[PDB]
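J.: so I've got this experimental structure, pasted below with the sequence.
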Amino acid sequence: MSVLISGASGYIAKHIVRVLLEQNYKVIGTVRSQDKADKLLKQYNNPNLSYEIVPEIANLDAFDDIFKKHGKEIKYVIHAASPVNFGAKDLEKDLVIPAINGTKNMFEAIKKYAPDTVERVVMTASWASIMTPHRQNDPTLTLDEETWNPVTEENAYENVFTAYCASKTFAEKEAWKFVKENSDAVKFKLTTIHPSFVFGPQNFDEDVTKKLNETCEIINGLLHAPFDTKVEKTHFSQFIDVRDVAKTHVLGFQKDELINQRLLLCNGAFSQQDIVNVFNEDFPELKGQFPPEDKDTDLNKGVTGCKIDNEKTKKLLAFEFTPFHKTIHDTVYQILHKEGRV
Ligand SMILES: NC(=O)c1ccc[n+]([C@@H]2O[C@H](COP(=O)([O-])OP(=O)(O)OC[C@H]3O[C@@H](n4cnc5c(N)ncnc54)[C@H](OP(=O)(O)O)[C@@H]3O)[C@@H](O)[C@H]2O)c1
């Protein structure tokens, strides 16, 4: 009944591991180095947690050694390892190949060493494999769980963000293709999770560093920006709270209703300024130490970009998502409190 989770040192994954340990699962995480594993073991201080070292998911048969050692005990797999790096300079090598090869490697390791043992795979995809990046602000587009990013390999590399979104799209397509072609040989059922921009506190306060993971660095950077910084007030994207994401991944292997589902995790539109507005409203004593409030945002004019039809997802998951104001508040509070400022 052990649970394998790839890329276990990341922002989302550390919350998933917390949830797994709350529920008394035996957890095997993969991280890139023994230093990372050692630090994490001390953070959780939980005998049910172990780490195996997978230094590069893109490399040949990267997950075979794990299934050689642990094949018999791994009943569930959470495939969360994929690069989220909008500073990548080599878009093929740093984003697209690791996303795809990581996914192929995990599924082929399962097929070779535990085709009848692994019951469920929950894969972290993204809403990036559902939405169209240049239409995030297009109210004529309605997304649902059957919508696909139409990006092709030919136009994937327009910029770093389209390339990231393509890595997620192409990886997920390979996931469903594998499932299609191996229906009778491998018993696992797949569930894919599709978060939008993930905000919320780091799982451990000590992990609040000068620069955070890419998506929370949006908030962290605005929070530390000079008062005179120009902040955009036009619609940016959809968000979801990291704690909702983590909860969904664990439900993903537990609930039969989630078999063969793509789950679209969005809970609200925002601009940069809507984030800043939370700083000023909730920490008024620090006004002037970050950019100012301005209520003239796209959101407040009823402008939210592409439409999100995730009713099926919400009905399947049943639990209520965390609202934007709380997600931002909790992110900001953790940072300011760590800094000894509130
Ligand atoms: N944050 C979001 O808004 C968002 C939204 C939708 C989906 N997701 C997906 O959720 C997953 C984690 O995202 P995150 O925001 O938590 O980012 P993160 O904090 O940067 O987590 C990434 C984790 O994957 C590992 N990783 C990436 N590339 C790897 C590689 N080539 N080889 C081995 N390990 C690798 C990282 O290990 P190292 O740090 O040591 O490289 C890290 O453990 C990803 O699949 C992401 O695509 C994120």
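T.: Sure thing, it's come through. Numbers count the residues shown, from 1 in each chain.
J.: near the ligand, which residues of this structure?
T.: By Cβ under 6 Å from any ligand atom, the residues of the chain that approach the ligand are 7, 9-13, 32, 56-58, 80-84, 98, 124, 126, 168, 195, 197-198, 213, 215. All C-beta spots, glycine's among them, are computed from the backbone N, C-alpha and C.
J.: now, which of the residues you listed lie within strands?
T.: Counting by DSSP state E, the residues of the chain next to the ligand place 124, 195, 197, 198 in strands.
J.: quick check: end-to-end length of stretch 304-323?
T.: 15 Å (Cα to Cα, to the nearest Å).
J.: and it, what's buried?
T.: Buried positions in stretch 304-323, judged by neighbour count with 16 or more other Cβ atoms under 10 Å: 304, 305, 306, 308, 310, 313, 314, 316, 317, 321, 322.
J.: was I right to think residue 241 contacts residue 325?
T.: No - counting by Cβ atoms under 8 Å, residue 241 does not reach residue 325; the two are 10.9 Å apart.
J.: looking at the two, which is more packed in?
T.: residue 241 (26 against 14; other Cβ atoms under 10 Å).
J.: still on that earlier bit, so which of the ones in strands among the residues of the chain next to the ligand comes closest to residue 300?
T.: Closest approach between these and residue 300, by Cβ to Cβ: residue 197, at 19.0 Å.
J.: contacts for the helix ranked longest in the chain next, please.
T.: Secondary structure of the chain per DSSP state H: the longest helix is helix 160-181. By Cβ atoms under 8 Å, 6 or more residues apart in numbering, the residues outside helix 160-181 that reach it are 82-88, 91, 95-96, 98-100, 102-104, 107-108, 123, 125-126, 128-129, 131, 133-134, 148-149, 151, 153, 155-157, 190, 192.
J.: count of residues packed around the closest residue to residue 191 other than its chain neighbours?
T.: For residue 191, ignoring the flanking residues on the chain, the nearest one in space by Cβ to Cβ, 6 or more residues apart in numbering is residue 252 at 4.2 Å. For residue 252, the neighbour count with other Cβ under 10 Å is 25.
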